[PDB]
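**Student:** In order, the protein sequences belong to chains AH, AW, AQ and AA. Here the entry's author numbering is used: the first residue of the first sequence is 22, the next is one more, and so on. Here the entry's author numbering is used: the first residue of the second sequence is 2, the next is one more, and so on. Here the entry's author numbering is used: the first residue of the third sequence is 2, the next is one more, and so on. Here the entry's author numbering is used: the first residue of the fourth sequence is 24, the next is one more, and so on.
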Amino acid sequence: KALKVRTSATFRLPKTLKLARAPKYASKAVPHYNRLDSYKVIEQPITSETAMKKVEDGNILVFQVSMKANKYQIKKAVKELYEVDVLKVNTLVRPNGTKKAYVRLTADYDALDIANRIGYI
Amino acid sequence: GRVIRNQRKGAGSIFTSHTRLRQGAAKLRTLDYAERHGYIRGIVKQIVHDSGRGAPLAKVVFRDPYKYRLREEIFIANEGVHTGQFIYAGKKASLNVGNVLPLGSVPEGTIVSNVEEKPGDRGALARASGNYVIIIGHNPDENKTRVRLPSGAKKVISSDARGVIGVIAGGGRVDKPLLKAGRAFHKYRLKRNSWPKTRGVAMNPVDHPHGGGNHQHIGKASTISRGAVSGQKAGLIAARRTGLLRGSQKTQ
Amino acid sequence: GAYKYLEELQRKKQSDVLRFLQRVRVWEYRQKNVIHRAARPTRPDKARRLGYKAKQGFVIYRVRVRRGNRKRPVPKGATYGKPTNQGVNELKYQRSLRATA
Amino acid sequence: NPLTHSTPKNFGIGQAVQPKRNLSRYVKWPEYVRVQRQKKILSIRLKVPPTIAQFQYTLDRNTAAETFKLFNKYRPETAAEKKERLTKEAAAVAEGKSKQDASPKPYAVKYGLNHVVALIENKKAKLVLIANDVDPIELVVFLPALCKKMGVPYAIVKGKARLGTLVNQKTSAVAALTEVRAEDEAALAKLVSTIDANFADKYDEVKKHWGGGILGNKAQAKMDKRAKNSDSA
RNA sequence: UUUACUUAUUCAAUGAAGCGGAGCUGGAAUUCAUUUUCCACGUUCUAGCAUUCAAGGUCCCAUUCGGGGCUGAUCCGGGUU
RNA sequence: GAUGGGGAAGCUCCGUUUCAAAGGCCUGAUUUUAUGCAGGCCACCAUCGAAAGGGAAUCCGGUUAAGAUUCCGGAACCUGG
């Protein structure tokens with residue numbers, strides 16, 4: 022014959038058994054393959070006179086890239102494809118709704134070498 | 002028949018109280034164990050101008066009984082208090098100006114202010130600049146006390162209703178003329194938007210009952226009923242008499 | 002079928018046995034939410050004849066509805082129609098409260 | 024004895040923090056709690072009728088204990104035992120060929136509220152137990168009337184859960200003995216006499232008694248200090 | 001026409017903390033057979049300070065870094081008022 | 001401006017800290033321990049709302065047909081780790 026001993030003047034909900042999920046089936050069919058892989062990141066290079074002027078001096082690749090991408094994906098994708106060490110990567114959305122990326126390599130590598138190696142000149 | 006000025010005033014769109022610069026609620030401390038058994042002290046830190054209330058405020062700070070901290074309260078400052086005067090509160094507090102005693106504990110002829118209407122409502126009566134109540138006798142059985150409100154009319158209220166000792170500050174506020182429209186404007190723009198006031202007799206008959214006519218005049222009687230509805234009321238409400246008085250008043 | 006006895010007891014509503022229970026239950030219900038799941042039917046006999054068989058599937062919901070007439074909405078008591086359609090207080094709403102509930 | 028100084032704290036309203044006390048008095052319980060407690064309190068406060076308050080008058084823990092000793096011998100079957108009987112009858116239908124006379128007659132308790140009623144109406148019920156609860160009190164209330172009318176003893180026992188426990192459900196509120204093995208038959212009579220002394224023969228007296236109108240501890244105190252001490256002191 | 005009970009209803013409060021009843025204990029106090037009662041029942045010269053299941057005292061684990069219980073903070077009804 | 005709630009035949013209305021059981025917090029366990037567990041804690045209580053209010057930190061020189069306190073050169077600073 023006894024009670025409990027409450028000292029604070031209010032009641033509160035018990036921090037009960039927070040039971041984790043254990044569902045009898047999977048949500049969807051199979052894990053959706055990588056939406057945004059290295060090929061789906063960078064689409065094309067850019068051949069305009071300005072771009073080449075940059076390449077020949079700045080050590081700077083130029084790319085059209087998918088919108089869903091960001092500087093991290095870009096600095097991954099470039100390494101994964103072209104076997105490079107990348108510096109600073111600066112992006113804009115062009116007037117026509119296409120993401121332009123300016124990708125400077127480290128001083129180790131040459132741009133104009135990697136430009137005609139990939140194909141465009 | 003356009004909806005008249007006064008009718009709009011309750012809708013609450015523009016007319017609501019302008020309360021940016023207002024310091025806080027001018028309430029007493031919660032009536033608890035400590036205050037209704039013995040007494041309890043504090044210090045007053047700040048006394049400060051609240052805007053839209055001529056009576057200056059009194060920021061007082063007590064120690065909470067039930068935890069280690071300083072919980073702050075804000076009375077309407079009674080005349081003759083100073084920053085870092087002690088302020089004693091509750092049942093066995095002294096009868097010195099600033100303290101908040103129950104109404105049974107005071108004598109009769111006693112001047113208090115900010116007196117509660119009933120036990121633990123935290124301020125109610127005599128809370129204006131200059132005004133004050135006068136406790137004018139106990140009714141010790143069924144513990145009430147009979148008090149003199151600043152209008153003149155009397156009241157019977159519990160002795161357990163606290164009220165703070167002394168007058169309220171800023172007395173003789175209205176002694177000065179407001180002098181120029183600008184000052185009036187400045188006064189009112191920190192209260193609400195009930196200024197300036199166009200006279201009903203000026204505006205057109207759609208706007209307000211008094212309105213219209215070739216000459217600026219009322220035409221029907223101005224004193225209207227207590228029983229008259231919203232929008233009819235735009236005169237002298239349910240007047241038991243009117244015109245200029247003669248003689249000494251508080252007419253007992 | 003002891004339910005018959007229950008039915009007869011319920012039918013004697015004004016008797017002190019029931020208008021005693023009434024006064025408890027009316028308080029009890031006016032303290033909970035307006036709509037709320039009843040655990041078990043109060044008058045199971047009645048429930049049973051309305052087509053309820055106490056097993057998994059059948060759920061009972063206790064609900065209140067506010068009483069008396071439907072006031073017509075129309076702001077500041079206007080109407081703008083011909084004198085016939087100026088009713089505000091006295092109109093009464095075709096479906097019963099039971100329905101609303 | 025060491026250098027450890029004594030320093031008492033003055034809890035004198037104003038100075039020092041008034042520290043932890045057990046405030047199981049004050050604390051703000053949830054709405055449901057409040058509903059149940061005040062339902063109880065309210066039921067006590069009101070002037071309750073004759074036909075209710077025949078309940079709350081109950082069977083005490085000793086005689087009741089003897090009752091549960093008696094009845095509990097006659098629990099009905101579980102899954103294991105029903106399965107056993109199924110096996111028995113399966114065996115005996117082929118070889119013995121007795122038309123429903125392989126196992127004995129069962130002498131365990133007969134129950135079910137409707138069933139109980141149907142027994143009482145033909146006097147086939149020889150004893151009937153009744154729990155005080157059943158929140159829809161509609162159900163159980165009229166049994167006292169059948170029992171007193173049909174010359175049957177009725178025992179307002181406590182806990183519908185206890186009645187449940189013997190009959191192997193969660194609840195019951197009604198358990199009755201019709202048949203019984205002529206062995207614990209003296210104690211049966213002893214009960215019948217005892218039960219009838221407690222509840223049954225006072226039914227008419229109960230018919231005049233009004234329970235309730237029972238004020239709370241503080242209300243009672245107020246009544247005492249004020250209403251008693253006017254002539255007395 | 002008064003006036004009483006309170007559980008419905010209503011209004012208010014507030015991290016719904018100190019309600020009522022009963023006490024020790026100290027004053028007034030009649031005591032008439034030791035009570036009948038009634039008040040108190042921890043803080044007012046000072047703009048500081050007050051928290052770590054509180055120190056203290058005490059009984060059990062084990063005193064090997066220590067740990068739990070009672071009290072200190074009187075009890076019962078747990079109706080928050 | 002949601003939720004709790006309360007209105008309204010309903011479209012939806014009030015209200016936003018409210019008659020709610022509204023939540024998270026750092027520490028120990030460790031070498032069954034994943035985060036549960038022996039604990040203490042703290043009560044407010046969503047959310048949106050100002051490229052003129054509050055706001056962590058960048059400046060110079062050069063460079064383009066059109067860009068820069070954003071690129072190149074040079075020199076800094078802050079933040080989290």
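Just so it is clear, CB atoms sit at the ideal spot from N, CA and C, and this is done for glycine as well.
1. Is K146 (chain AA) close to chain AQ, meaning its C-beta is less than 8 Å from at least one C-beta of that chain?
2. Give a yes or no on contact between the region 171-189 of chain AA and the region 116-131 of chain AA, applying the rule of three or more CB pairs nearer than 8 Å.
3. Cβ atoms of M88 (chain AH) and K49 (chain AH): under 8 Å apart, would you say?
4. Using DSSP's beta-bridge definition, name the partner residues of residue 1 (chain AW).
5. Apart from the five residues on each side of it in sequence, which residues of its chain come closer than 6 Å, Cβ to Cβ, to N33 (chain AA)?
6. Buried or exposed: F59 (chain AQ), going by 16 or more other Cβ atoms within 10 Å of its Cβ?
7. Using the DSSP secondary-structure output, state which residues sit across from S14 (chain AW) in a beta bridge.
8. Can you check which of these residues, AQ:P42, AQ:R68, AQ:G69, is closest to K56 (chain AQ) by C-alpha distance?
9. Between the region 53-74 of chain AW and chain AA, which residues of the former have CB atoms less than 9 Å from a CB of the latter, in chain order?
10. Within 10 angstroms of its Cβ, does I142 (chain AH) collect 16 or more other Cβ (buried), or is it exposed?
11. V40 (chain AA) CB to nearest chain AW CB: under 8 Å?
12. Out of curiosity, what's the CA-to-CA distance linking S69 (chain AH) and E104 (chain AH)?
13. Whose CA, out of AA:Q243, AA:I218, AA:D247, AA:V132, lies closest to the CA of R68 (chain AA)?
14. How is the alpha helix (DSSP H) around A35 (chain AW) delimited, first residue to last?
15. When DSSP builds the beta bridges, which residues end up paired with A59 (chain AW)?
16. In whole angstroms, give me the CA-to-CA distance for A3 (chain AQ) and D46 (chain AQ).
17. Distance check for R128 (chain AW) and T243 (chain AW), CA to CA, integer angstroms please.
18. Closer than 6 Å by C-beta to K60 (chain AW): which residues in its own chain qualify, once you throw out the five before and the five after it? Chain order, please.
19. State yes or no: is the C-beta of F222 (chain AA) within less than 8 Å of the C-beta of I179 (chain AA)?
20. For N100 (chain AW), does the count of other Cβ atoms within 10 angstroms reach 16, so buried, or fall short, so exposed?
21. By DSSP, does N91 (chain AH) sit in helix, in strand, or in coil?
22. DSSP state of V165 (chain AW), grouped into three classes?
23. Determine which residues share a DSSP beta bridge with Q85 (chain AH) and list them.
24. Chain AA beta carbons: is any one of them nearer than 8 Å to that of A30 (chain AH)?
25. Just list the residues that DSSP pairs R30 (chain AW) with in beta bridges.
26. When the Cα atoms are used, what is the spatial distance from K145 (chain AW) to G138 (chain AW)?
27. Could you check where the beta strand (DSSP E) with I158 (chain AW) kicks off and where it finishes?
28. Alpha carbon to alpha carbon, what distance is there between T31 (chain AW) and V56 (chain AA)?
29. State the CB to CB distance for the pair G172 (chain AW) and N115 (chain AW), rounded to an integer number of angstroms; the pair is presumed to be in contact (CB under 8 Å).
30. Any idea if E228 (chain AA) is buried or exposed, counting beta-carbon neighbours within 10 angstroms, 16 or more meaning buried?
31. Reducing DSSP to helix, strand and coil, say where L142 (chain AA) ends up.
32. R63 (chain AQ): which of AQ:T80, AQ:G69, AQ:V89, AQ:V27 sits nearest, CA to CA?
33. Under the three-state reduction of DSSP, which class applies to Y46 (chain AH): helix, strand or coil?
34. Helix, strand or coil: how does DSSP classify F34 (chain AA) here?
35. So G182 (chain AA) contacts chain AW; which residues on that side make the cut at Cβ distance below 9 Å?
36. Within 8 Å (strictly less), CB to CB, does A35 (chain AW) reach chain AA?
**Tutor:** For this structure:
1. no
2. no
3. no
4. Any answer about residue 1 (chain AW) is impossible in this case: the structure gives chain AW only from 2 up to 253.
5. Residues of the same chain with a CB within less than 6 Å of the CB of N33 (chain AA), apart from the 5 flanking positions on each side, are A39 in chain order.
6. exposed
7. In DSSP, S14 (chain AW) forms no bridge with anything.
8. When AQ:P42, AQ:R68, AQ:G69 are compared, the shortest CA-CA separation from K56 (chain AQ) is found for AQ:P42.
9. For the region 53-74 of chain AW, the beta-carbon criterion of a distance under 9 Å to any beta-carbon of chain AA is satisfied by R64, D65, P66, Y67, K68, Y69.
10. It counts as exposed.
11. yes
12. 24 Å
13. AA:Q243
14. Looking at the DSSP string, the run of the alpha helix (DSSP H) that includes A35 (chain AW) is 34-38.
15. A59 (chain AW) is bridged to AW:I48, AW:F76.
16. Their backbone Cα atoms lie some 9 Å apart in a straight line.
17. 29 Å
18. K46, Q47, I75
19. yes
20. buried
21. coil
22. Looking at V165 (chain AW) - three-state DSSP - the assignment turns out to be strand.
23. AH:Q65, AH:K121
24. It does: the Cβ of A30 (chain AH) has a partner Cβ on chain AA nearer than 8 Å.
25. The bridge partners DSSP lists for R30 (chain AW) come to none.
26. 9 Å
27. 155-159
28. Between the alpha carbons of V56 (chain AA) and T31 (chain AW) lies a distance of about 28 Å.
29. Taking the Cβ atoms as the reference, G172 (chain AW) lies roughly 14 Å from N115 (chain AW), outside the contact range of under 8 Å.
30. Exposed: under 16 other Cβ atoms inside 10 Å.
31. helix
32. AQ:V27
33. coil
34. coil
35. Ordered by position in chain AW, no residue passes the 9 Å Cβ test against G182 (chain AA), which lies about 42 Å from the chain.
36. Taking CB atoms only, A35 (chain AW) has a neighbour in chain AA less than 8 Å away.
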